[PDB]
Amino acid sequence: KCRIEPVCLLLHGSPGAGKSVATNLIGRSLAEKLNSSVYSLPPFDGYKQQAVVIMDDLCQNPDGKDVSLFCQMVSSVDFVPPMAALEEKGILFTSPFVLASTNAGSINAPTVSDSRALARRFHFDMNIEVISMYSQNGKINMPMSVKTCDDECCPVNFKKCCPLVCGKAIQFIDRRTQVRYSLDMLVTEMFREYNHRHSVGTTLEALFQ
């Protein structure tokens, strides 16, 4: 149990809510801070210890295999993804971030213990809301949402701003506290938690716990 636990995000949205756009942008911003890239987990072909793993469109009813793998990934246990069937060598999983999206209001695992294990691991658990101006027919308008903002915007974690970044088009709502974030703000939060987990103070604290 020598690995720092990945920082994990779950986004709940609807099919047209731009869930995958959101995880892609959050993921890329975080990955760039670590000089790395994003890897989408095929539901481990192509995994190369990328800093950010994305799991898009989690089903509402994961089975025991889904639960088991996810709980390996998001933990402090050394974990070698299964690669034998791909005839590739075993390598330790080291991604410090895992982002997931789902259309489910609530994920329901097979047992309530399983549900507790998932809840423990989704540190950030947010609803996506698309702002009505930027949605037609239940589908987010990407041309509108990617259009560069004027200079009233100066983003923290991106080189330029658009409504996707600063909360004009999409917002993220904490499911426990109802606190609201722009995508940019959420990246700041996720990287702060990463820095917290990797700090000397935190790691030395664990010697006494």
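Numbering starts at 1 and follows the sequence shown.
**Q** Per the entry, how many residues of the deposited chain go unmodelled between residue 43 and residue 44: none, 1 to 3, 4 to 9, or 10 or more?
**A** Gap size class: 4 to 9 residues without coordinates, per the record.
**Q** On mean C-alpha B-factor from the PDB entry, just flag whether 84-92 or 113-121 is the higher one.
**A** For C-alpha atoms only, the mean B-factor is higher in 84-92.
**Q** For the stretches 158-166 and 145-153, which has the higher mean C-alpha B-factor as given in the deposited record?
**A** The deposited B-factors put 145-153 ahead on the C-alpha mean.
**Q** Going by the CA temperature factor in the entry, name the top one among 130, 99, 77, 104.
**A** Answer for 130, 99, 77, 104: 77, with the highest C-alpha B-factor.
**Q** Go through 20, 14, 188, 195 one by one and give the residue whose Cα B-factor in the PDB entry is largest.
**A** Each of 20, 14, 188, 195 was compared by C-alpha B-factor; the highest is 14.
**Q** Could you say whether, by C-alpha temperature factor, residue 179 belongs to the lowest, middle or highest third of its chain?
**A** It falls in the bottom third of the chain.
**Q** For residue 59, does the deposited CA B-factor place it in the lowest, middle or highest third of the chain?
**A** Answer is middle: the recorded C-alpha B-factor places it there.
**Q** Compared with the other modelled residues in the chain, in which third is the CA B-factor of residue 206?
**A** According to the entry, residue 206 has a C-alpha B-factor in the chain's highest third.
**Q** Once the chain's modelled residues are ordered by C-alpha B factor and cut into thirds, is residue 140 in the lowest, middle or highest one?
**A** Middle third by C-alpha B-factor.
**Q** When the modelled residues of the chain are sorted by Cα temperature factor, does residue 7 land in the lowest, middle or highest third?
**A** Lowest third of the chain for residue 7's C-alpha B-factor.
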